[PDB]
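Heads up, the thing below is written out as structure tokens.
Residue numbers (the entry's author numbering), protein chains in the order written: chain L, 546 to 599; chain x, 1 to 48; chain N, 1 to 347; chain p, 17 to 128; chain k, 1 to 320; chain y, 4 to 56; chain M, 1 to 459; chain w, 38 to 123; chain o, 1 to 120.
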């Protein structure tokens with residue numbers, strides 16, 4: 546029973562570990578104005594590239 | 001207690017409340033009259 | 001600043017947006033945007049700290065260049081079979097550039113980069129006037145030009161707004177930023193439905209305006225730029241805080257509260273059409289925003305565990321700071337779900 | 017279990033084990049032994065609180081690094097469980113067969 | 001005074017009422033020396049108003065019930081623990097310097113509000129400015145932790161940013177610990193616990209500091225004289241306005257803001273006067289704070305629902 | 004009876020049950036249809052009854 | 001039904017406006033007066049489920065569960081006092097107000113015809129509970145076990161709205177009456193897969209199946225006794241209830257889709273029934289007990305024999321009163337010595353010689369004693385499941401033996417074997433405790449005479 | 038640890054307790070338990086099953102006396118029904 | 001949607017045609033609940049101002065309640081108008097188009113066949 550319970554809160558701890566490293570999906574931001582601005586401009590022209598063929 | 005002054009909201013203002021109750025009378029009776037007349041003309045749009 | 005001039009400016013902002021709504025000609029609408037910028041630069045910066053200056057600049061660049069891109073799309077409309085009116089654009093491309101343009105005017109996914117920054121820079125009242133009023137014009141244009149909208153774009157920009165903008169705000173302890181990212185999420189919804197049944201878009205627009213209205217007004221009541229400020233006010237006076245939290249859950253769309261109503265109707269008129277998968281793909285992210293906001297709801301309790309609540313800060317004198325219409329909008333954004341047969345009054 | 021070998025206790029183990037052991041013991045005996053008037057409620061002893069908190073599984077939420085752990089737990093809920101899946105589905109399908117064909121000889125069954 | 005912004009567009013009264021004799025003045029003396037003879041004295045002759053001794057019961061007796069209730073709501077001061085040497089960090093200093101400091105700021109905003117509102121100048125007990133050399137000299141040797149110069153100093157700056165320089169200041173130089181002997185003479189045993197080094201470093205850093213502040217903000221009339229009662233009634237009273245009005249040109253400071261005044265600046269100060277909870281907020285601010293004024297919320301909350309006098313109400317006759 | 008002022012706190016919810024009950028009894032009038040018209044139950048209206056219920 | 005909706009809504013201002021010290025008297029009084037008419041609610045007859053108004057109606061099952069709720073408020077509120085009995089008035093009126101509003105949304109939920117009104121009122125039921133247990137729960141570190149608890153709910157509990165609205169626009173009306181008679185068979189495929197799984201798991205989060213049962217224990221140790229009797233006497237029966245109704249459709253699907261969940265509940269019944277044997281800290285034992293009986297309920301729901309429902313609902317009610325009461329015993333023991341840990345004190349056959357009879361009696365009613373309604377329901381469920389699989393009785397009756405063992409182990413070592421004699425605090429009984437116990441058992445023993453009230457719609 | 042001095046004793050702080058036990062013991066034990074227990078003790082025939090007994094008796098008697106085999110299965114007459122075809 | 005209907009006479013709040021629709025009775029539960037909503041409005045106002053609530057609510061509360069009854073009343077009226085024209089549009093477009101929407105005869109269960117897997 547400690548196996549199913551520790552595996553249950555270990556899997557939920559794999560979701561919060563996925564929330565821990567999902568904060569990395571938030572921390573994937575480098576907080577650099579030369580990153581999200583110019584990368585959002587290039588990948589925005591890639592929204593007109595994907596929208597060019599979409 | 002309250003030796004300082006009368007803080008403005010402390011004592012009532014009888015002109016303001018008079019105007020507010022004015023709005024109550026005007027607004028409410030206007031609503032009732034609206035109801036009566038709309039029901040009347042609604043009766044006119046159809047017949048007995 | 002002068003207490004007249006603010007009236008002679010705000011009057012011109014109201015006027016500008018009224019022109020964007022009224023005019024049937026493109027060049028006018030373009031002018032209405034120009035006047036809302038020109039007159040909205042003084043409202044921000046009201047206090048002369050540099051934060052409002054740099055932030056007001058970041059608003060001015062992207063907002064103005066957005067306007068110019070709008071003009072470009074208008075002109076391409078003139079190229080292709082064309083006249084100056086407000087109606088379905090005759091170019092697919094002009095519609096593309098115009099959906100991008102109105103996607104800068106109001107915060108959207110590729111273009112949202114400025115909103116958090118500018119919202120924290122400028123003061124409270126400018127924060128209110130930025131995230132609500134100026135948000136009326138672009139929707140009022142999109143409602144018009146929707147017939148030529150390429151579905152794939154606005155659907156995309158909507159989703160990416162919800163995913164990106166909503167997913168954001170996590171580490172943020174600031175308030176103005178939170179209000180910004182939430183603005184971008186409600187954006188993702190209002191624009192998501194836009195092509196199907198715009199009535200719902202104006203709905204989530206109005207409800208949203210009430211939401212941010214009570215929110216910022218409460219931040220004027222208890223002057224708070226952080227969550228720490230929220231807790232410290234909880235030990236100053238409770239009521240304003242629980243109004244802030246309850247309105248935040250209404251900002252999360254939690255079922256009994258009134259914020260759940262636009263989500264719920266959007267799910268009806270979204271899913272009576274064919275695609276059922278995309279609404280769920282929105283509702284997931286909606287849960288994300290939720291339990292973030294409910295982290296901000298474990299910001300509080302009673303028999304609290306230690307928040308370091310300090311002192312001096314009991315006070316014998318009530319505050320006279322004038323709160324314009326707080327109560328009507330508080331109850332009106334909490335209690336509204338038992339209404340809406342009233343939905344159709346809107347359109 | 018089964019006291020044996022009748023240990024010679026040596027010297028250190030005598031001095032150390034005796035003096036230190038009964039040292040700490042008598043320290044704590046006398047400690048909770050105060051038993052004065054004027055205490056209305058429980059004696060509260062910090063013992064058994066450690067029992068409770070630890071047995072609330074303090075390492076449960078953190079993680080479970082692999083080692084042999086995932087094998088003991090997975091194989092602990094594996095063999096009997098999934099086999100019982102197979103047997104109830106088996107006897108299930110058999111029951112359905114003998115109902116749909118031949119006879120199960122239910123005759124009067126009714127309330128089911 | 002510009003109650004609402006509509007009062008402005010209705011009337012400009014901030015500029016209309018100016019006596020030319022008002023400005024703003026702060027009497028100063030090192031502890032127990034100058035005190036009330038100068039401020040009360042010019043309040044007699046010159047005719048401006050006067051704020052009495054600052055402390056707990058200034059902010060306490062300002063509003064709410066008529067005059068103060070006990071400090072258990074605040075739990076502050078009991079200056080016997082101020083006077084001697086309680087270097088320990090428990091209730092010894094923090095409550096005292098912060099609580100009385102916010103009392104000082106509130107006093108100052110009260111001064112400006114009264115001035116602009118009624119158009120009659122006032123004199124101030126101690127400036128908000130005398131207090132940074134006061135406290136800086138209190139921690140300058142012990143009797144409190146470091147980080148109090150930081151917390152309290154940032155409160156100094158951030159707070160004071162928008163108010164005023166106010167024009168002139170009167171200070172009397174204590175002649176080398178004489179008052180440290182004269183405080184022996186006052187007949188207040190709890191007070192005599194003070195030592196000399198603190199007091200005289202207070203006054204040394206006081207002069208050597210504010211003199212660059214004096215020249216740095218407007219002008220001052222500072223005296224080392226021989227019974228400032230009569231020295232007052234001659235040089236302070238006569239020379240005050242005599243060379244004040246003409247001397248105010250070299251003041252600058254409030255000469256530029258008051259030079260504009262009317263709309264804009266005067267509107268913002270006058271508008272920022274009312275609702276003290278707005279001005280003291282920044283003093284209330286740093287809601288982080290530290291374990292300094294920290295009260296586990298049960299104390300001030302049980303004080304809230306246990307709030308006596310005005311608790312539920314603003315002005316209500318339900319209770320006395 | 005006027006002395007209920009002394010007990011006035013109590014009379015509330017009884018008036019609650021009465022009030023809601025009368026609201027259901029009126030509600031039935033809005034729901035009223037098929038009064039004699041259902042196939043199981045058809046009656047020739049009794050001389051003193053123009054209504055089954 | 002509206003005649004039951006007003007009187008509680010009027011019971012709100014009764015609380016708010018009142019003199020201090022009379023709030024408990026007024027609330028208790030008028031609340032029992034509600035319970036009378038709750039007992040009026042039984043007209044149910046023949047075949048057609050009575051319908052009060054086109055908005056919401058009652059079949060059988062809604063009627064027993066509802067009677068249990070309106071009965072349960074006055075006893076609950078009656079029990080919650082002396083947990084505090086010191087505070088500002090605003091705390092008291094706030095708390096009683098919250099219990100009221102909670103009851104209101106419960107009545108909404110059980111009576112609700114149309115499943116979307118059921119769902120809105122559903123989460124609208126969950127919020128007040130959350131406010132109760134979090135705002136003051138005695139808060140061991142608080143665990144933050146109210147809030148992300150609400151995330152345990154909504155996480156997979158939201159999409160059932162999606163699936164619903166789908167059912168809405170495809171078939172039109174979501175009225176339950178007309179969803180009946182229009183229900184049409186749904187073949188087994190991958191779309192019906194995600195749908196059935198959606199609705200099923202959506203409710204199955206509430207009555208914890210062994211997979212998700214980590215939900216209950218923390219939330220129920222952190223709950224103040226009022227929030228506990230709320231939680232485990234009712235808030236599971238909401239999930240099982242809505243399950244009862246929405247299983248109307250999903251007709252063939254629930255076979256191939258049911259089988260894994262059935263397996264998991266038959267095994268987890270035994271597992272949970274085991275883990276609840278060895279733990280300390282009494283407040284948890286009854287929790288995992290609730291998990292066990294609820295697993296048995298799910299087992300009863302998926303297999304669709306009518307016997308399965310009769311025993312099922314019988315188990316909903318009987319377990320409601322039993323579990324609720326037994327909690328309130330744990331609390332009445334907790335006020336004596338502040339522990340929550342079982343093994344700490346002992347005795348109480350010597351001391352509190354009466355409180356014995358309520359320990360014994362209640363534990364026996366959770367021991368599945370033959371005339372007790374708990375054994376009626378559990379018995380019929382065992383009959384149904386044995387009809388489904390001749391083999392499963394090994395697992396079932398094994399739960400009989402284990403449930404016997406812990407259910408009778410709780411009866412000891414709290415209540416028997418020695419007095420720990422370093423206590424010298426416990427004050428003998430109360431009249432209130434006896435009132436609470438009595439108000440629990442006495443109806444549970446009387447129902448063991450005329451049970452046909454509490455057996456389900458099919459009877 | 039507040040306990041009571043146990044001057045007499047009950048639910049709450051003194052002098053209202055007697056009223057408290059009076060209302061809870063009365064409205065709780067007297068009215069609902071005894072009264073209600075008599076109500077649902079015998080209320081009108083529940084679920085109709087008594088009527089079911091009577092009707093069953095009459096119908097069975099008819100079925101034997103007129104010689105028809107009782108309980109014919111076929112819940113609906115195949116005389117009126119139609120069947121799909123391959 | 002529907003803007004072609006009401007764009008013929010723009011910014012008519014409700015048209016001269018609407019008066020043929022029965023107006024909501026006073027006691028209509030909706031606008032009454034709106035009145036309650038003004039009650040909780042004013043209550044939260046008296047919570048904002050530190051005054052104890054139930055005081056000053058003699059004129060205030062009545063002002064709130066009556067205001068929301070007013071506004072909410074007109075809103076309900078124009079609403080019922082909106083659904084009126086909606087249903088009208090439906091039925092007209094129904095009748096005018098036989099082919100688009102076929103009227104089929106619904107055959108009785110006598111001809112029906114299903115699978116209906118029993119349990120067992």
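Cβ atoms here follow ideal geometry from the backbone N, Cα and C, with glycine treated the same way.
*asked:* To the nearest angstrom, how far is the alpha carbon of residue 1(o) from that of residue 134(N)?
replied: 25 Å
_Using DSSP's beta-bridge definition, name the partner residues of residue 49(k)._
122(k)
| Rounded to whole angstroms, how far is the Cβ of residue 123(k) from the Cβ of residue 71(k), which I believe are closer than 8 Å? | Actually they do not touch by this definition, with Cβ atoms about 27 Å apart.
In chain order, which alpha helix (DSSP H) runs of at least 4 residues are fully inside the stretch 137–199 of chain k? 148–160, 178–182
Thinking C-alpha only, which one of 42(N), 240(N), 68(N), 5(N) is nearest residue 33(N)? 68(N)
Problem - Under the three-state DSSP convention, the category residue 252(k) falls into - result: coil
Point to revise | Beta-carbon proximity check, residue 149(M) vs residue 164(M), cutoff 9 Å | key: no
Indicate the three-state DSSP secondary structure (helix, strand or coil) for residue 180(M) in the structure shown. coil
### residue 78(M): contacting residues in chain w (beta-carbon distance under 7 Å)
61
Could you check what DSSP says for residue 58(k) in three-state terms: helix, strand or coil? helix
ask   = Going by the CB atoms, is the gap between residue 90(M) and residue 305(k) shorter than 9 Å?
value = yes
request  = Jot down the residue ranges of each uninterrupted alpha helix (DSSP H) in the stretch 377–429 of chain M, minimum 4 residues, whole runs only, in chain order.
outcome  = 393–410
ask   = For residue 384(M) versus residue 268(M), is the C-beta distance shorter than 9 Å?
value = no
**Request:** Go ahead and label residue 319(M) buried or exposed: buried means 16 or more other beta carbons lie within 10 angstroms of its beta carbon, across all protein chains shown.
**Result:** buried
Checklist entry - Among 161(k), 147(k), 231(k), which one has its Cα closest to the Cα of residue 173(k)? => result 231(k)
For this session: Please check if any C-beta of chain w sits within less than 9 Å of the C-beta of residue 24(M).
Result: yes
In the stretch 246–279 of chain M, which residues sit with their C-beta less than 7 Å from some C-beta in chain L, listed in chain order?
-> 271, 274, 275
Which same chain residues, not among the five before or five after residue 336(k), have their C-beta less than 7 Å away from its C-beta? Any question about residue 336(k) goes unanswered here, given that chain k covers just 1 to 320.
Amino acids of chain N, ordered along the chain, whose beta-carbon sits closer than 8 Å to that of residue 132(o) | The structure shown has nothing for residue 132(o), since chain o only spans 1 to 120.
Taking its Cβ as the centre, do 16 or more other Cβ atoms sit within 10 Å of residue 126(k), making it buried, or is it exposed?
buried
- Message: Tell me the DSSP secondary structure of residue 368(M) in three-state form.
- Response: coil
inquiry  = Using C-beta distances below 7 Å, list every residue in its chain close to residue 120(p), excluding the 5 sequence neighbours before and after it, in chain order.
reply    = 114
Where does residue 44(y) sit, in a helix, a strand or coil, going by DSSP?
coil
By a C-beta neighbour count over all protein chains shown, 10 Å radius and 16 as the cutoff for buried, is residue 196(k) buried or exposed? exposed
Look at the alpha carbon of residue 39(o) and the alpha carbon of residue 58(o), and state the distance between them as a whole number of angstroms. 11 Å
Q) Under three-state DSSP, which class holds residue 113(M)? A) coil
**Item:** Boundaries (first-last residue) of the alpha helix (DSSP H) holding residue 26(k)
**Value:** Residue 26(k) -> not in any alpha helix (DSSP H); beta strand (DSSP E) instead, spanning 25–29.
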